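Undergrad: Going by the deposited numbering, the first residue of the sequence shown is number 2, and it counts up by one from there. Where a beta carbon is used, it is the ideal one built from N, C-alpha and C, also for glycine. Below: one structure in structure tokens.
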Amino acid sequence: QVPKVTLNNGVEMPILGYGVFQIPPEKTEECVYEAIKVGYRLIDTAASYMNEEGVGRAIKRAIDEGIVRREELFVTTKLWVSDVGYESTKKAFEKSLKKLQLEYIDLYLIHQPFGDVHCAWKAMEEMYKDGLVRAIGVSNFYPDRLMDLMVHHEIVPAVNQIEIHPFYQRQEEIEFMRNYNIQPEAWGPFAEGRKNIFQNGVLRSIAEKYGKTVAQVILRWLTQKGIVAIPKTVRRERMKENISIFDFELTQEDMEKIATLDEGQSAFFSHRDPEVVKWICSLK
Ligand SMILES: NC(=O)c1ccc[n+]([C@@H]2O[C@H](COP(=O)([O-])OP(=O)(O)OC[C@H]3O[C@@H](n4cnc5c(N)ncnc54)[C@H](OP(=O)(O)O)[C@@H]3O)[C@@H](O)[C@H]2O)c1
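Right under this line is the structure:
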């Protein structure tokens with residue numbers, strides 16, 4: 002029984018989904034298919050992961066085998082930096098759509114805050130209004146950048162996908178998003194395992210309390226905040242573990258303990274670091 006959040010346009014999105022970053026293209030079909038069988042419906046990919054084609058094949062099988070209908074799934078993909086523009090953005094979307102073998106996409110995101118994101122958003126608003134995508138949003142946008150879009154365009158981004166985990170908890174940005182009706186979505190909910198997160202003593206003491214794992218506690222913590230989380234694992238047993246978090250609840254005390262862990266900065270790098278902007282823009 003996986004809860005759904007309601008986005009600013011009335012679209013419902015599952016609060017827990019399945020991420021496919023660093024799953025090799027040739028392993029992505031079986032992973033996604035297994036995830037769906039286990040009960041995932043929110044699937045997160047991107048043009049840049051090079052595994053849309055495998056995601057689409059998993060879906061096609063699940064649908065053909067009767068496991069799900071298309072409407073039960075929530076497929077997210079992303080516009081890569083090098084495609085950002087007006088027509089370039091439509092072309093990119095249509096390329097992803099093809100790879101996925103879908104008629105529509107549930108959520109399409111601007112992947113990075115660089116290049117002509119105003120033209121990309123305008124493009125995206127038009128595909129949104131044409132019915133090609135159910136919800137449009139952004140990724141890795143700080144509040145100033147979110148505001149800039151909001152004051153220059155009609156459609157408020159439905160989602161902003163950003164790094165959120167116990168060591169970068171980003172509460173001030175969450176309340177800015179809640180204020181302006183932008184659903185926060187957590188990428189790297191486990192910080193990709195950085196900083197011995199699965200062995201953190203505070204997290205284990207709370208996990209022990211409930212007979213759950215640390216991973217489960219982290220995801221329960223996010224979702225209990227009203228944050229969509231998209232953990233990634235290539236293991237069937239962890240798919241099952243990661244989705245099995247709604248049969249318990251953290252106390253206020255538990256939530257406050259977890260809050261003490263915030264380090265207030267990325268586990269990876271800052272998007273305001275000019276060297277980072279350049280490194281990202283030079284990947285493709
Ligand atoms: N918008 C963006 O700029 C951006 C950037 C990065 C990622 N993302 C999205 O966010 C998704 C989630 O983030 P992520 O892949 O970076 O990192 P993540 O989900 O925080 O953590 C990934 C790691 O956790 C391990 N793991 C999963 N479940 C576990 C469990 N219950 N116990 C112990 N270890 C566990 C995985 O190992 P195994 O796979 O081997 O189990 C994997 O190495 C991505 O796949 C992608 O869809 C978006």
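#1: Could you tell me the distance, in whole angstroms, from the CA atom of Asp-255 to the CA atom of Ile-207?
#2: Can you tell me whether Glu-53 sits near ligand 1, meaning its C-beta is under 6 Å from at least one heavy atom of the ligand?
#3: Quick one: which unbroken beta strand (DSSP E) runs of 3-plus residues sit fully inside the segment 142–210? Chain order, please.
#4: Mind pulling the alpha helix (DSSP H) runs of 4 or more residues that sit fully within the segment 36–112?
#5: What are the start and end residues of the alpha helix (DSSP H) that includes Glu-254?
#6: To the nearest angstrom, how far is the alpha carbon of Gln-200 from that of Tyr-87?
#7: To the nearest angstrom, report how far apart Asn-141 and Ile-175 are at their CA atoms.
#8: Output yes or no for whether 7 Å exceeds the beta carbon distance between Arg-221 and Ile-246.
#9: Return the bridge partner residues of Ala-136 from the DSSP annotation.
#10: What are the residues that DSSP puts in a beta bridge with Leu-223?
#11: Which residue or residues does DSSP assign as beta-bridge partners of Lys-5?
#12: Where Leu-223 and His-153 are concerned, what is the direct C-alpha to C-alpha distance, given to the nearest angstrom?
#13: Give the DSSP-derived three-state secondary structure of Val-229 in the structure shown.
#14: Going straight from the alpha carbon of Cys-32 to that of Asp-248, what length do you get?
TA: Reading off the structure:
#1: 7 Å
#2: no
#3: 160–164 and 184–188
#4: 53–65 and 88–101
#5: 253–260
#6: 46 Å
#7: A direct Cα-to-Cα measurement between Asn-141 and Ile-175 gives close to 13 Å.
#8: yes
#9: DSSP output for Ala-136 lists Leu-108 as bridge partner(s).
#10: DSSP, once it has assigned bridges, lists no residue as partnering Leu-223.
#11: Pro-15
#12: Their backbone Cα atoms lie some 31 Å apart in a straight line.
#13: strand
#14: 25 Å
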